[PDB]
Amino acid sequence: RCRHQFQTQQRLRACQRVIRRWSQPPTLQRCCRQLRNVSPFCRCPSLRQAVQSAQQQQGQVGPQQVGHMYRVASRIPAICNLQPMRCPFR
């Protein structure tokens with residue numbers, strides 16, 4: 001259950017911070033360690049939850065900005081050399 005892994009690896013708190021960072025230990029290194037601890041099958045699902053979760057920490061976020069948060073997140077597996085490297089977030 002990807003949901004469990006997300007919660008277990010600190011709801012990818014560091015990736016939340018990276019996703020906020022770019023949508024308007026070093027943080028990225030922590031992100032990639034939290035995400036590595038999630039199973040490959042569950043990384044994109046968990047990044048989805050990180051994006052949702054990062055929305056809470058900041059003001060109301062418009063749908064353009066939210067899409068940008070998803071865009072950032074989708075680049076994180078590849079940045080970290082983590083399979084599956086990309087997330088479509090369909």
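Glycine gets a Cβ as well: all are built from the backbone with ideal geometry, and neighbour counts include every protein chain shown. Every number here is computed from the coordinates shown, using simple stated rules; none is lab data.
Approximating the spin labels as points 7 Å out from Cα along Cα→Cβ, the residue 89-to-residue 28 distance works out to 1.8 nm.
Note that the chain carries a Kirkwood radius of 12.6 Å, evaluated over its alpha carbons pair by pair.
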